[PDB]
Amino acid sequence: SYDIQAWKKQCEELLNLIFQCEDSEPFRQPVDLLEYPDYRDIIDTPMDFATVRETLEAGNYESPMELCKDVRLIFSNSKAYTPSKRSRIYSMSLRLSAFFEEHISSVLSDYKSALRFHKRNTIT
Ligand SMILES: C[C@@H](CNC(=O)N1CCN(C(=O)c2cc3sccc3s2)CC1)C(C)(C)C
């Protein structure tokens, strides 16, 4: 497909699959600072899947690369907050990250291919 816009609905569908995964439960809403009062000393830029979905639906992502950067921030925030790399919530982050990366690969490839096809005669 050379459809430059197709990534948006593909990302909506992938978010729907992530929200059905039990492994997304800790990441579906902004972290609670009452639950974790130090969290904001450790994490500079909170991120969660509801914020990603709302940014997509507002039309505030220009490309799937920008969505992918925010989803990867969810996972890096979990790796930087974990006291152990054996811990439950970090362990759920690693499985969810593997599932996300498996599915986002084709979305990025198709988008970047579509942009290249659009510019195939950009100089001419
Ligand atoms: C579910 C809530 C938000 N989410 C939430 O509490 N966390 C998920 C993010 N987070 C981590 O990534 C952690 C990494 C590790 S590994 C061992 C402990 C931890 S905690 C901190 C805790 C709600 C409902 C929105 C209030």
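For what it's worth, the deposited numbering labels the leading residue of the sequence shown as 1315, then goes sequentially. Ideal Cβ positions, reconstructed from N, Cα and C, are used throughout, including at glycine.
Please state whether DSSP places residue i in a helix, a strand or coil.
i	result
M1361	coil
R1342	coil
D1337	helix
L1348	coil
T1369	helix
In the DSSP assignment, the alpha helix (DSSP H) including residue i goes from what residue to what residue?
i	result
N1330	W1321 to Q1334
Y1353	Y1353 to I1356
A1412	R1402 to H1432
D1384	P1378 to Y1395
Whose CA, out of the options, lies closest to the CA of residue i?
i	options	result
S1411	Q1343, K1433 and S1392	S1392
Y1316	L1422, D1337 and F1431	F1431
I1332	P1397, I1418 and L1422	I1418
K1322	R1367, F1414, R1386 and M1406	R1367
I1403	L1329, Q1324 and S1338	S1338
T1369	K1383, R1434 and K1433	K1383
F1341	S1398, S1427, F1363 and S1390	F1363
Flag residue i as yes when its Cβ comes closer than 7 Å to any non-hydrogen atom of ligand 3, and as no otherwise.
i	result
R1402	Among the ligands modelled here, namely ligand 1, ligand 3 does not occur.
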